[PDB]
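The chain that follows stands alone, in the form deposited in one PDB entry, written as structure tokens.
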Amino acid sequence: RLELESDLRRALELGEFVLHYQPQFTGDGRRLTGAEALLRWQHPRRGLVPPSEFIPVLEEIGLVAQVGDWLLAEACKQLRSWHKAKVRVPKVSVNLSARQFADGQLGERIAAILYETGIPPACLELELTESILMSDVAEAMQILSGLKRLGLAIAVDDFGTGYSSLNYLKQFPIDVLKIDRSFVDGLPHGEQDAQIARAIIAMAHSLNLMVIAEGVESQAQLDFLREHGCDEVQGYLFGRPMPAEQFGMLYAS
């Protein structure tokens, strides 16, 4: 564990971390709506190290927040670079941890990044799990309002899987609900999943939110989500997360 710890300290200072991008599509899977930025790690000898191996130790040593801030900046730089090359990726999505969300420096750091890269602020979408917002609703309301002044978009991740409240969900300045993997995998024949998925979609639409389903791995899941009006979709059905070079080349036109 001190072995892995040493390499991870080394990785952030030597710049061995890299971002890979998962494409997001309209619910018929026909056109690109965005890209989700994911932390990866190019080891010198080992090559690409599995996220399930290095991400948990990162959390265990408190580098999660700091690597996360680097990723946010790199994602925005990347999107800016794509936009200048006329590769119109309408947005980039980045996950925020509870730690980053609660950080007093969050709004200022994001403000700085937006100023340095010059991207349209609505092209940046922060993804926050439901429980982060629901743990402290009044503080979440303060923070989210701050972030929304920057002009960015907010997605609520793992919607419906924990406690929530319709009352506050409507009061949160959010834009998007994400349907977690576990509600997509049983589609289209698993009752529990077809109903909860339908319900998330209808709710998002009732609140003027967009909805995106993650974990779309089969044509049949895609058919269900398409016919029931899910706005966007992502998953292995469309390929794997890829490095910026390859992503940029693929979706250039």
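The numbering used is simple: start at 1 and walk along the sequence shown. C-alpha atoms forming the largest set that superposes within 1.5 Å between two forms make up the rigid core.
This next part talks about the form deposited in another entry, which is not shown.
For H189, the Cα coordinates differ by under 2 angstroms between this form and the one not shown after the core has been superposed. Once both forms are fitted on their rigid core, the CA atom of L166 lies 2 Å or more apart between this form and the one not shown. Between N167 and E139, the Cα distance is greater in the other form than in this structure, by no less than 3 angstroms. Three angstroms is the minimum change: in the other form, the CA atoms of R198 and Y168 sit closer than in this structure, by 3 Å or more.
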